[PDB]
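Participant: Here you go, target_9.pdb (PDB, C-alpha atoms and all ligand atoms):
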```
MODEL        1
ATOM      1  CA  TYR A1316     140.384  53.284 109.776
ATOM      2  CA  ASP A1317     143.343  53.412 107.342
ATOM      3  CA  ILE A1318     145.503  56.239 108.736
ATOM      4  CA  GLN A1319     147.404  56.548 105.433
ATOM      5  CA  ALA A1320     144.433  56.564 103.018
ATOM      6  CA  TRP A1321     144.223  60.341 102.797
ATOM      7  CA  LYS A1322     147.367  60.552 100.661
ATOM      8  CA  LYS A1323     146.047  58.684  97.631
ATOM      9  CA  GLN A1324     142.643  60.348  98.151
ATOM     10  CA  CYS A1325     144.383  63.752  97.928
ATOM     11  CA  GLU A1326     146.355  62.667  94.869
ATOM     12  CA  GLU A1327     143.089  61.722  93.173
ATOM     13  CA  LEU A1328     141.396  64.929  94.219
ATOM     14  CA  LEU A1329     144.341  66.904  92.805
ATOM     15  CA  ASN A1330     143.943  64.931  89.543
ATOM     16  CA  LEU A1331     140.300  66.073  89.384
ATOM     17  CA  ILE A1332     141.320  69.658  90.136
ATOM     18  CA  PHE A1333     143.948  69.607  87.371
ATOM     19  CA  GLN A1334     141.281  68.435  84.907
ATOM     20  CA  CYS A1335     138.907  71.274  85.966
ATOM     21  CA  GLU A1336     139.142  74.314  83.650
ATOM     22  CA  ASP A1337     138.730  76.484  86.734
ATOM     23  CA  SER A1338     142.156  75.372  87.986
ATOM     24  CA  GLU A1339     144.118  76.766  85.005
ATOM     25  CA  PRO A1340     145.185  80.038  86.748
ATOM     26  CA  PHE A1341     146.276  78.076  89.824
ATOM     27  CA  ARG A1342     148.180  75.096  88.404
ATOM     28  CA  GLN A1343     151.549  76.732  88.480
ATOM     29  CA  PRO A1344     152.915  79.660  90.507
ATOM     30  CA  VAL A1345     151.432  83.053  89.476
ATOM     31  CA  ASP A1346     153.551  84.427  86.650
ATOM     32  CA  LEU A1347     155.302  87.411  88.228
ATOM     33  CA  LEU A1348     156.119  88.895  84.811
ATOM     34  CA  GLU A1349     152.330  89.026  84.050
ATOM     35  CA  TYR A1350     151.452  90.382  87.546
ATOM     36  CA  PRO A1351     154.440  92.511  88.621
ATOM     37  CA  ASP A1352     152.878  93.749  91.858
ATOM     38  CA  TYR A1353     151.864  90.228  93.000
ATOM     39  CA  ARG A1354     154.487  89.925  95.767
ATOM     40  CA  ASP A1355     153.593  93.398  97.076
ATOM     41  CA  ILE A1356     150.212  91.946  98.080
ATOM     42  CA  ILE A1357     150.872  88.220  98.449
ATOM     43  CA  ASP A1358     153.304  87.048 101.113
ATOM     44  CA  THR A1359     153.153  83.338 100.353
ATOM     45  CA  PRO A1360     152.416  82.241  96.827
ATOM     46  CA  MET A1361     150.819  78.818  96.507
ATOM     47  CA  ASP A1362     149.625  76.731  93.583
ATOM     48  CA  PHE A1363     148.393  73.203  92.900
ATOM     49  CA  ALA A1364     151.671  71.913  91.418
ATOM     50  CA  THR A1365     153.452  72.956  94.611
ATOM     51  CA  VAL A1366     150.760  71.209  96.680
ATOM     52  CA  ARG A1367     151.056  68.050  94.572
ATOM     53  CA  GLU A1368     154.874  68.129  94.768
ATOM     54  CA  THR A1369     154.785  68.622  98.542
ATOM     55  CA  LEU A1370     152.420  65.667  98.846
ATOM     56  CA  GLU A1371     154.454  63.449  96.523
ATOM     57  CA  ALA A1372     157.685  64.329  98.322
ATOM     58  CA  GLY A1373     156.144  63.012 101.564
ATOM     59  CA  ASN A1374     156.177  66.477 103.105
ATOM     60  CA  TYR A1375     152.617  66.619 104.366
ATOM     61  CA  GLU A1376     152.006  64.811 107.666
ATOM     62  CA  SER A1377     148.203  65.071 107.432
ATOM     63  CA  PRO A1378     145.445  66.081 105.013
ATOM     64  CA  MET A1379     144.844  69.138 107.241
ATOM     65  CA  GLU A1380     148.278  70.477 106.218
ATOM     66  CA  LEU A1381     147.420  69.955 102.538
ATOM     67  CA  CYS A1382     144.073  71.640 103.113
ATOM     68  CA  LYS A1383     145.814  74.710 104.627
ATOM     69  CA  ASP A1384     147.960  75.071 101.474
ATOM     70  CA  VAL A1385     145.028  74.617  99.107
ATOM     71  CA  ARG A1386     143.028  77.163 101.083
ATOM     72  CA  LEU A1387     145.982  79.543 100.716
ATOM     73  CA  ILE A1388     145.648  79.316  96.898
ATOM     74  CA  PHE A1389     142.086  80.577  97.298
ATOM     75  CA  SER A1390     142.812  83.254  99.875
ATOM     76  CA  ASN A1391     145.657  84.561  97.680
ATOM     77  CA  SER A1392     143.224  84.948  94.769
ATOM     78  CA  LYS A1393     140.751  86.764  97.038
ATOM     79  CA  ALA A1394     143.495  89.066  98.304
ATOM     80  CA  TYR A1395     145.011  89.797  94.892
ATOM     81  CA  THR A1396     141.823  90.219  92.891
ATOM     82  CA  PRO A1397     140.993  93.805  91.913
ATOM     83  CA  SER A1398     137.325  92.747  91.916
ATOM     84  CA  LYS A1399     135.145  90.155  93.566
ATOM     85  CA  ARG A1400     133.566  89.702  90.108
ATOM     86  CA  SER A1401     136.852  89.076  88.262
ATOM     87  CA  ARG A1402     137.219  86.043  86.009
ATOM     88  CA  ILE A1403     140.111  84.452  87.920
ATOM     89  CA  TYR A1404     138.601  85.106  91.334
ATOM     90  CA  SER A1405     135.227  83.680  90.167
ATOM     91  CA  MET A1406     137.112  80.532  89.039
ATOM     92  CA  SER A1407     138.734  80.323  92.491
ATOM     93  CA  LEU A1408     135.329  80.398  94.209
ATOM     94  CA  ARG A1409     133.963  77.550  92.148
ATOM     95  CA  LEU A1410     137.136  75.554  92.595
ATOM     96  CA  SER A1411     137.052  76.214  96.341
ATOM     97  CA  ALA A1412     133.472  74.891  96.576
ATOM     98  CA  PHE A1413     134.475  71.787  94.613
ATOM     99  CA  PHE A1414     137.564  71.267  96.818
ATOM    100  CA  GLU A1415     135.659  71.753 100.090
ATOM    101  CA  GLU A1416     132.900  69.363  99.046
ATOM    102  CA  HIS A1417     135.478  66.674  98.208
ATOM    103  CA  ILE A1418     138.005  67.155 101.041
ATOM    104  CA  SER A1419     135.390  66.905 103.815
ATOM    105  CA  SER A1420     135.260  63.087 103.729
ATOM    106  CA  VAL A1421     139.040  62.825 103.437
ATOM    107  CA  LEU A1422     139.447  64.852 106.624
ATOM    108  CA  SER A1423     136.646  62.975 108.422
ATOM    109  CA  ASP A1424     138.071  59.580 107.521
ATOM    110  CA  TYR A1425     141.567  60.561 108.596
ATOM    111  CA  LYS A1426     140.402  61.939 111.915
ATOM    112  CA  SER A1427     138.283  58.834 112.485
ATOM    113  CA  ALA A1428     141.319  56.622 111.746
ATOM    114  CA  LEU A1429     143.441  58.544 114.256
ATOM    115  CA  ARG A1430     140.729  58.255 116.893
ATOM    116  CA  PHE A1431     140.443  54.510 116.355
ATOM    117  CA  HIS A1432     144.208  54.193 116.649
ATOM    118  CA  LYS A1433     144.213  56.166 119.910
ATOM    119  CA  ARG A1434     141.353  54.017 121.274
TER
HETATM  120  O1  LIG B   1     143.288  89.422  87.637
HETATM  121  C1  LIG B   1     142.566  88.819  88.523
HETATM  122  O2  LIG B   1     141.372  88.983  88.629
HETATM  123  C2  LIG B   1     143.279  87.864  89.417
HETATM  124  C3  LIG B   1     142.644  87.264  90.498
HETATM  125  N1  LIG B   1     143.228  86.368  91.306
HETATM  126  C4  LIG B   1     144.500  86.040  91.048
HETATM  127  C5  LIG B   1     145.199  86.598  89.994
HETATM  128 BR1  LIG B   1     147.025  86.172  89.716
HETATM  129  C6  LIG B   1     144.595  87.510  89.165
ENDMDL
END
```
Transcribe the structure of this file into structure tokens.
Ligand SMILES: O=C(O)c1cncc(Br)c1

Facilitator:
Amino acid sequence: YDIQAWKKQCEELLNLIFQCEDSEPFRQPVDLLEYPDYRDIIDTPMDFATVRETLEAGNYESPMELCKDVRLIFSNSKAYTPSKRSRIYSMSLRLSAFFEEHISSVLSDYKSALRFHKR
């Protein structure tokens, strides 16, 4: 029932993501010189360094907010990909499955901690 535990759990999950080879295209903002039409398709760029910086700055109030930004990294890849069989998009799908499998307990524990507090 530790209401604050999610933060370190997210830091550790981000450390695992940064070690994953599948995160390489998503660690830093998409290089707009390499993909000149990127902002014509993508309204809100997102990447894992931005997520980590937002977390470390104390600018997420909950793991659900972090989860929305991570999910945006994946939806941006799905929206920008010219093919659902592309290399970078295929990396995003694997990384998304890894993230979802690991964030589930973080969200459950946080929500449980809030419920206990309210009780
Ligand atoms: O070239 C691609 O397949 C691709 C997919 N998702 C994001 C980016 Br940037 C590129």

Participant: Quick one: which residues end up in the PyMOL selection byres (((chain A and resi 1401-1411) around 7) and not hetatm) for this structure, as number ranges by chain?

Facilitator: A: 1337-1338, 1340, 1389, 1392-1393, 1396, 1398-1400, 1412-1415

Participant: Can you work out the spacing between atom CA of residue 1322 of chain A and atom CA of residue 1376 of chain A in Å, to one decimal?

Facilitator: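 Value for the atom CA of residue 1322 of chain A-atom CA of residue 1376 of chain A distance: 9.4 Å.
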
Participant: Given the choices A:1342, A:1354, A:1426, A:1417, which gets closest to residue 1377 of chain A if the distance is worked out from all atoms listed in the file?

Facilitator: A:1426

Participant: Using the chain letters and numbers from this file, what does the PyMOL selection byres (((chain A and resi 1343) around 8) and not hetatm) select? Give the answer as a PyMOL selection string.

Facilitator: chain A and resi 1340-1342+1344-1345+1362-1365

Participant: Starting from the shown file, work through the PyMOL selection byres (((chain A and resi 1419) around 12) and not hetatm) and note down what comes out as a short mmCIF file (atom, residue, chain, number, x, y, z; two decimals) with C-alpha atoms, in the coordinates of the input.

Facilitator:
```cif
data_model
loop_
_atom_site.label_atom_id
_atom_site.label_comp_id
_atom_site.auth_asym_id
_atom_site.auth_seq_id
_atom_site.Cartn_x
_atom_site.Cartn_y
_atom_site.Cartn_z
CA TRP A 1321 144.22 60.34 102.80
CA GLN A 1324 142.64 60.35 98.15
CA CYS A 1325 144.38 63.75 97.93
CA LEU A 1328 141.40 64.93 94.22
CA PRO A 1378 145.44 66.08 105.01
CA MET A 1379 144.84 69.14 107.24
CA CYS A 1382 144.07 71.64 103.11
CA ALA A 1412 133.47 74.89 96.58
CA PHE A 1413 134.48 71.79 94.61
CA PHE A 1414 137.56 71.27 96.82
CA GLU A 1415 135.66 71.75 100.09
CA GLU A 1416 132.90 69.36 99.05
CA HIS A 1417 135.48 66.67 98.21
CA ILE A 1418 138.00 67.16 101.04
CA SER A 1420 135.26 63.09 103.73
CA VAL A 1421 139.04 62.82 103.44
CA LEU A 1422 139.45 64.85 106.62
CA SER A 1423 136.65 62.98 108.42
CA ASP A 1424 138.07 59.58 107.52
CA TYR A 1425 141.57 60.56 108.60
CA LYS A 1426 140.40 61.94 111.92
#
```

Participant: Which one is closest to ligand LIG 1 (chain B): A:1351, A:1373, A:1360, A:1397? Count all atoms listed in the file.

Facilitator: A:1397

Participant: Step by step: locate chain A in the block above, keep C-alpha atoms, then write the file as a CSV table (one decimal), in the first residue's frame.

Facilitator:
```
chain,number,residue,atom,x,y,z
A,1316,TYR,CA,0.0,0.0,0.0
A,1317,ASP,CA,2.9,2.4,-0.7
A,1318,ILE,CA,1.3,5.2,-2.7
A,1319,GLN,CA,4.7,6.4,-3.9
A,1320,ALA,CA,6.3,3.0,-5.0
A,1321,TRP,CA,5.3,3.3,-8.6
A,1322,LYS,CA,8.0,6.0,-9.2
A,1323,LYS,CA,11.0,3.8,-8.6
A,1324,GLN,CA,9.2,0.9,-10.2
A,1325,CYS,CA,8.8,3.0,-13.4
A,1326,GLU,CA,12.4,4.1,-13.2
A,1327,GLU,CA,13.5,0.5,-13.1
A,1328,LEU,CA,11.2,-0.5,-15.9
A,1329,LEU,CA,12.6,2.4,-18.0
A,1330,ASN,CA,16.1,1.1,-17.2
A,1331,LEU,CA,15.0,-2.3,-18.6
A,1332,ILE,CA,13.5,-0.7,-21.7
A,1333,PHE,CA,16.7,1.3,-22.3
A,1334,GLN,CA,18.7,-1.9,-22.2
A,1335,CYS,CA,16.3,-3.6,-24.8
A,1336,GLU,CA,17.6,-3.4,-28.4
A,1337,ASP,CA,14.0,-2.8,-29.4
A,1338,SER,CA,14.0,0.6,-27.7
A,1339,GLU,CA,16.9,2.1,-29.8
A,1340,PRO,CA,14.5,3.9,-32.3
A,1341,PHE,CA,12.5,5.3,-29.4
A,1342,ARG,CA,15.2,6.4,-26.9
A,1343,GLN,CA,15.4,10.0,-28.1
A,1344,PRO,CA,13.0,12.1,-30.1
A,1345,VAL,CA,12.6,11.0,-33.8
A,1346,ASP,CA,15.3,12.7,-35.8
A,1347,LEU,CA,13.4,15.1,-38.0
A,1348,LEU,CA,16.3,15.5,-40.4
A,1349,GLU,CA,16.1,11.6,-41.1
A,1350,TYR,CA,12.3,11.7,-41.3
A,1351,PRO,CA,11.3,15.1,-42.7
A,1352,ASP,CA,7.6,14.5,-43.0
A,1353,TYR,CA,7.4,13.2,-39.4
A,1354,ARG,CA,5.5,16.3,-38.0
A,1355,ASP,CA,3.1,16.2,-40.9
A,1356,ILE,CA,1.8,12.9,-39.5
A,1357,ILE,CA,2.7,13.1,-35.8
A,1358,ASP,CA,1.1,15.8,-33.6
A,1359,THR,CA,2.9,14.9,-30.4
A,1360,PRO,CA,6.3,13.3,-30.6
A,1361,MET,CA,7.2,11.2,-27.6
A,1362,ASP,CA,10.3,9.1,-26.6
A,1363,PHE,CA,11.6,7.3,-23.6
A,1364,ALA,CA,14.2,10.0,-22.6
A,1365,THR,CA,11.4,12.5,-22.4
A,1366,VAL,CA,9.3,10.0,-20.3
A,1367,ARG,CA,12.3,9.4,-18.0
A,1368,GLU,CA,13.0,13.2,-17.7
A,1369,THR,CA,9.3,13.9,-17.0
A,1370,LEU,CA,9.3,11.3,-14.3
A,1371,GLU,CA,12.6,12.4,-12.8
A,1372,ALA,CA,11.5,16.0,-12.8
A,1373,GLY,CA,8.5,15.0,-10.6
A,1374,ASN,CA,6.1,15.9,-13.4
A,1375,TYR,CA,4.0,12.7,-13.4
A,1376,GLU,CA,1.3,12.5,-10.6
A,1377,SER,CA,0.6,8.9,-11.3
A,1378,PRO,CA,1.8,5.8,-13.2
A,1379,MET,CA,-1.3,6.2,-15.4
A,1380,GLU,CA,0.1,9.5,-16.8
A,1381,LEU,CA,3.5,7.8,-17.5
A,1382,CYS,CA,1.6,5.0,-19.2
A,1383,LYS,CA,-0.3,7.4,-21.4
A,1384,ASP,CA,3.1,8.9,-22.6
A,1385,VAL,CA,4.7,5.5,-23.2
A,1386,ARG,CA,1.6,4.4,-25.1
A,1387,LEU,CA,2.0,7.5,-27.3
A,1388,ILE,CA,5.5,6.4,-28.3
A,1389,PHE,CA,3.9,3.2,-29.6
A,1390,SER,CA,0.9,4.8,-31.3
A,1391,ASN,CA,3.2,7.3,-33.0
A,1392,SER,CA,5.2,4.4,-34.5
A,1393,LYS,CA,2.0,2.8,-35.7
A,1394,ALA,CA,0.8,6.0,-37.2
A,1395,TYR,CA,4.1,6.9,-38.9
A,1396,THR,CA,5.0,3.5,-40.2
A,1397,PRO,CA,4.7,3.0,-43.9
A,1398,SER,CA,4.1,-0.7,-43.2
A,1399,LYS,CA,2.8,-2.9,-40.4
A,1400,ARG,CA,5.8,-5.2,-41.2
A,1401,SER,CA,8.5,-2.5,-41.0
A,1402,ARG,CA,11.5,-3.0,-38.8
A,1403,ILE,CA,10.9,-0.1,-36.5
A,1404,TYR,CA,7.2,-0.7,-36.1
A,1405,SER,CA,7.9,-4.4,-35.4
A,1406,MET,CA,10.3,-3.3,-32.6
A,1407,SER,CA,7.6,-1.1,-31.2
A,1408,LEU,CA,5.2,-4.0,-31.0
A,1409,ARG,CA,7.6,-6.2,-29.1
A,1410,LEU,CA,8.5,-3.3,-26.8
A,1411,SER,CA,4.8,-2.5,-26.2
A,1412,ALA,CA,4.1,-6.1,-25.2
A,1413,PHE,CA,7.1,-6.0,-22.8
A,1414,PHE,CA,6.0,-2.7,-21.4
A,1415,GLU,CA,2.4,-3.8,-20.9
A,1416,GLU,CA,3.4,-7.0,-19.2
A,1417,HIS,CA,5.6,-5.1,-16.7
A,1418,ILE,CA,3.4,-2.0,-16.1
A,1419,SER,CA,0.3,-4.0,-15.2
A,1420,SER,CA,1.5,-4.7,-11.6
A,1421,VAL,CA,2.7,-1.2,-11.1
A,1422,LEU,CA,-0.7,0.2,-12.0
A,1423,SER,CA,-2.5,-2.4,-9.9
A,1424,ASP,CA,-0.3,-1.8,-6.8
A,1425,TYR,CA,-0.8,2.0,-7.2
A,1426,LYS,CA,-4.5,1.8,-7.5
A,1427,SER,CA,-4.7,-0.6,-4.5
A,1428,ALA,CA,-2.6,1.8,-2.4
A,1429,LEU,CA,-5.0,4.7,-3.3
A,1430,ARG,CA,-8.0,2.5,-2.4
A,1431,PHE,CA,-6.4,1.6,1.0
A,1432,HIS,CA,-5.7,5.2,1.7
A,1433,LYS,CA,-9.3,6.2,0.8
A,1434,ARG,CA,-10.6,3.4,3.1
```
